[PDB]
Amino acid sequence: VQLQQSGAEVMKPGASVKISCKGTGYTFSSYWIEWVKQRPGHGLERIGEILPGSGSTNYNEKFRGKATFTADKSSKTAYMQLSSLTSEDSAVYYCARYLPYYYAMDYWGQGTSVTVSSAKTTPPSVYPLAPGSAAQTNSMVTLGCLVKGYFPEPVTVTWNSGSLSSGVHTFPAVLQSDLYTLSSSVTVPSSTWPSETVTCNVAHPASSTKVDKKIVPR
Amino acid sequence: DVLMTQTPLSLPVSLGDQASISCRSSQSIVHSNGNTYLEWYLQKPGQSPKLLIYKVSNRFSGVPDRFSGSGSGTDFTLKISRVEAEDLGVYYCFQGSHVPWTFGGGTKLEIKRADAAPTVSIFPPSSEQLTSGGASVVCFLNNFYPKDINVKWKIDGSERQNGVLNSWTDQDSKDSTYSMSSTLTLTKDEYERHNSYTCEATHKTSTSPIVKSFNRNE
Ligand SMILES: *[C@@H]1O[C@H](CO)[C@@H](O[C@@H]2O[C@H](CO)[C@@H](O[C@@H]3O[C@H](CO)[C@@H](O)[C@H](O)[C@@H]3O)[C@H](O)[C@H]2NC(C)=O)[C@H](O)[C@H]1NC(C)=O
């Protein structure tokens, strides 16, 4: 048994998207397909369900009109269409297999990520950050490599060939205005910092960008 | 639409300590066949939810016996006897009794330990930031527990609050300590105009805010 979902999607506000969930290894037509929304913040919200065998569908009142379900019996796939996309529709959507009053949602899809925004594929703008001139030097000093002005997610910030696997704190990306920005901090002894060389290996698969820039001491 | 409410929103419990999540229904979710259809799901970070319990008490095939459910009417509870690091995540309710079927709010389970003091730091904008025409003042508050943290920026004695960037990192594993990377962005004309930039840190471990500032004039 396996439920396979479509890939990540990026759409502009006011558009519509069509996600799909393909089920194999069981009687596809005889199990309901539950659609669950998970905003990045928190919470699981059920959009509705469809029984592919018949055409029966149910919708939660919050999503009635926003989402429409359809199923294809020939190819064991179920579709959900979201209309008039907005910012609040950006979330990760799951599909699950359910039989009411019997076997519960034991199998889920991998999750399809949908982002609604008018931005384009902007590359990263990494700004390596060094300690300020007016700052005391201690035994343990934390470095800083800022990345901002990039879209869409994700950007894999790391060190040179995993130079410092431990002591790394990659803070989550956030939308400052319309683009995503993140940060990182790695603890390194002041003794080895002048000698040992490490650089934040910022990456951006969506823009096919791979730029790394280290911080110079003050 | 039956509303399911979970309390507490968060439940810090140390390893080996019994945990107890609770669930409430806007209306009774009993069914005629002699069963009430309540299910418990666990969603670890970056993964789809996994089924744990169904029909209040029945355990899904392959879950440790430490999990157990019980309840009736509009009151149900999930108990974890001996918690373990693999049990971290968000636990969700699900009523499968009345159409449409609704999820619970969720209860983020965390592990508690001895409080750790914050490690505050401030880094001024880098050269490339000046060249690009901006300002990236970043404050790093690493390894602080619990979540009782607040950030306030008082520029040259004036408290700025518009355009504040708030970013928090989830609980770690090696140390299980939170972190914060709230920052602020300023324009060159708005950056050179002022003189003193400060970043306080208010935490339970130290009631007095921690001061970490630099002056533009150097
Ligand atoms: C539709 O009607 C059938 C026939 O009465 C119902 O089947 C019965 O369901 C109950 C509840 O699960 C079964 O009792 C339970 O059986 C399990 C497995 O043996 C056991 O572990 C439990 O402790 C409990 O005894 C009962 O055996 C079963 N009877 C038959 C003949 O299958 C069914 O629940 C009804 N469905 C609905 C939606 O009303």
Side-chain angles (χ1 to χ4, degrees), chain A residues 34 36 38 42-46 48-49 58-62 92 94 96 98 100-111 125-135 140-144 146 148-149 166-167 169-174 176-177 181-185 187 213 215-216 218, chain B residues 1 9 31 33 35 37 39 41 43 47-51 53-55 58 60-61 90 92 94 96-97 99-106 108 119 121-129 132 134 136 138 140 142-143 163 165-170 172 174 179-181 183 185 212-215 218:
Chain A
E34 315 291 311
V36 183
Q38 170 154 69
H42 63 318
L44 282 170
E45 301 143 278
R46 207 205 70 147
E49 56 180 17
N58 308 343
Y59 303 95
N60 272 107
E61 77 311 9
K62 159 158 185 258
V92 168
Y94 294 94
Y98 193 62
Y101 317 130
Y102 294 95
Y103 325 116
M105 297 185 270
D106 43 351
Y107 291 93
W108 293 65
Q110 71 247 17
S125 311
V126 60
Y127 290 170
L129 305 180
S133 160
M140 202 36 48
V141 69
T142 189
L143 318 190
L146 178 141
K148 78 183 302 292
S166 59
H169 266 210
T170 308
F171 300 76
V174 176
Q176 274 183 348
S177 73
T181 83
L182 62 80
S183 45
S184 299
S185 292
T187 187
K213 288 168 59 189
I215 73 182
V216 68
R218 177 54 41 70
Chain B
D1 295 34
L9 269 46
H31 214 62
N33 82 337
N35 276 153
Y37 302 102
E39 294 132 43
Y41 294 92
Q43 200 204 1
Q47 307 196 260
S48 52
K50 306 265 156 286
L51 179 72
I53 315 293
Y54 61 87
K55 290 199 242 283
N58 312 63
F60 189 52
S61 58
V90 183
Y92 292 91
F94 188 79
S97 285
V99 162
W101 300 305
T102 58
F103 268 100
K108 172 46 166 117
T119 282
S121 307
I122 193 87
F123 294 68
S126 56
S127 46
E128 53 270 2
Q129 177 52 288
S132 285
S136 42
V138 47
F140 285 110
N142 309 23
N143 292 67
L165 178 137
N166 206 5
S167 182
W168 48 84
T169 300
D170 54 3
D172 289 345
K174 72 202 65 51
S179 284
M180 191 139 271
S181 275
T183 79
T185 189
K212 266 296 203 315
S213 204
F214 74 74
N215 221 31
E218 200 79 47

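Per chain, numbering begins at 1; letters A, B, ... match sequence-line order.
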Answer yes or no: is there a side-chain heavy-atom contact under 4.5 Å between [X] and [Y]?
X	Y	value
B:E39	A:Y98	yes
B:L51	A:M105	no
B:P100	A:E49	no

Which heavy atom in [X] sits nearest to a heavy atom in [Y], and how many Å separate them?
X	Y	value
B:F140	A:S184	CZ-O, 3.3 Å
A:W108	A:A96	CD2-CB, 3.8 Å
B:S132	A:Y127	OG-OH, 2.8 Å
B:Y92	A:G43	OH-N, 3.9 Å
A:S125	A:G149	OG-O, 3.5 Å
B:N166	B:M180	OD1-CE, 3.9 Å

Heavy-atom pairs under 4.5 Å with chain A are the metric here; pick the option from [options] that has the most.
options	answer
B:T183, B:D172, B:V138	B:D172
B:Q43, B:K174, B:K50	B:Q43
B:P125, B:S167, B:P49, B:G104	B:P49
B:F60, B:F103, B:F94	B:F103

Contact class of [X] relative to chain B, heavy atoms under 4.5 angstrom:
X	result
A:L44	both
A:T181	side chain
A:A130	backbone
A:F171	both
A:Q38	side chain
A:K62	neither
A:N60	both
A:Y101	both
A:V216	neither

If you count heavy-atom pairs within less than 4.5 Å of chain B, which of [options] leads?
options	result
A:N58, A:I215, A:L129	A:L129
A:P128, A:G111, A:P100, A:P131	A:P128
A:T142, A:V92, A:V126	A:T142

Check for a donor-acceptor pair, side chain of A:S185 on one end and backbone N or O of A:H169 on the other, with a separation under 3.5 Å. no
Can you check whether B:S136's main-chain N or O pairs, donor with acceptor, with B:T185's side chain at less than 3.5 Å? no
Which portion of [X] sits near chain A, non-hydrogen atoms under 4.5 angstrom:
X	answer
B:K55	side chain
B:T102	side chain
B:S97	backbone
B:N35	neither
B:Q129	both
B:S48	both

Taking the six-membered ring for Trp and the single ring otherwise, decide whether the centroids of B:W101 and B:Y37 are under 6.0 Å apart. no
Counting only heavy atoms not in A:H42, do more than 12 fall under 6.0 Å of its NE2? no
